[PDB]
Amino acid sequence: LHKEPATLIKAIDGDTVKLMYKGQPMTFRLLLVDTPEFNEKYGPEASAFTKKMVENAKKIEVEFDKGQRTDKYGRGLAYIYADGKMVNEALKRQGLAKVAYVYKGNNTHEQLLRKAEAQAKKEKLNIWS
Ligand SMILES: Cc1cn([C@H]2C[C@@H](OP(=O)(O)O)[C@H](COP(=O)(O)O)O2)c(=O)[nH]c1=O
Ligand SMILES: [Ca+2]
């Protein structure tokens, strides 16, 4: 697994972000993550979290896993890093996402993100409160 560069076009919600990738606008869905919808409990906190993290980054990198790169809606499937920090993980860590949509072949960071989740779940952060 390697990082590829991209530039923010637009924050969307807690687990989607519109990015410029290899010259094309592409909506990315975050691997292994499920944030609440913007109108559920902690949805706006999730959107705000991802938004701030992508908006402040000097460098946004896209990292595909070893499986499918595009979902059935045409969304890129990737781990996204904001100045070297993984948005996917930080959401788990902050208690603003649950680990979800784990398909074998696209799961390199499962343990890591479940670790973050475990610690968020320990502290009773946000959705675990
Ligand atoms: C995260 C992820 C989502 N998806 C698809 C499955 C969709 O299920 P449905 O067929 O039930 O819509 C899901 C919805 O994600 P959202 O959480 O963005 O709504 O997006 C994948 O196919 N692979 C993935 O890795
Ligand atoms: Ca969601």
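We count ligands from 1, going down the list as the structure has it; atoms in each ligand are counted the same way. We count residues from 1, following the sequence as given.
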Atom 16 (P) of ligand 1 has as its nearest protein heavy atom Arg29 NE, 3.5 Å
Please list, in number order, the atoms of ligand 1 under 4.0 Å from a heavy atom of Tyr73.
7 (C), 9 (P), 10 (O), 12 (O)
Does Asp65 use its side chain to pair, donor to acceptor, with the backbone of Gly67 at less than 3.5 Å?
no
Within 45° of the six-membered ring axis of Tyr81 and under 6.0 Å from that ring's centre, is NZ or CZ of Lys59 located there?
no
Ligand 1 contact by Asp34, heavy-atom criterion under 4.0 angstrom
yes
Looking at atom 19 (O) of ligand 1, what's its closest protein heavy atom, distance included?
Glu37 OE2, 4.2 Å
In terms of residue, atom name and distance, what is the protein heavy atom nearest to atom 20 (O) of ligand 1?
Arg75 NH2, 2.9 Å
Look at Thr35 and state whether any of its N, O or S atoms is less than 3.0 Å from the Ca ion (ligand 2).
yes
May I ask you to identify the nearest protein heavy atom to atom 10 (O) of ligand 1, giving residue, atom name and distance to one decimal place in Å?
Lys72 NZ, 2.3 Å
What protein heavy atom is closest to atom 23 (N) of ligand 1, reported as residue, atom name and distance in Å?
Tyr103 CE1, 3.6 Å
Look at atom 2 (C) of ligand 1 and say which protein heavy atom is nearest, naming residue and atom and giving the distance to 0.1 Å.
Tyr101 CB, 3.8 Å
Strictly distance-based, threshold 3.5 Å: is any side-chain N or O of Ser47 a donor or acceptor partner for the main-chain N or O of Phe38?
no
Testing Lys98, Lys92, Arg29 one by one against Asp34 for a salt bridge (charged side-chain N to carboxylate O under 4.0 Å, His left out), which residue passes?
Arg29
Within 6.0 Å of NZ in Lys51, more than 12 heavy atoms from elsewhere
no
Could you check whether any side-chain heavy atom of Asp13 comes within less than 4.5 Å of a side-chain heavy atom of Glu37, counting everything from C-beta outward?
yes
Taking the six-membered ring for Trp, are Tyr42 and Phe49 ring centroids under 6.0 Å apart?
no
Closest candidate by heavy atom, reference atom 4 (N) of ligand 1, pool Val33, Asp71, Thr27
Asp71
I'd like the atom name of the N/O/S atom in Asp15 lying closest to the Ca ion (ligand 2).
OD2
Is any side-chain heavy atom of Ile127 closer than 4.5 Å to one of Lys121?
no
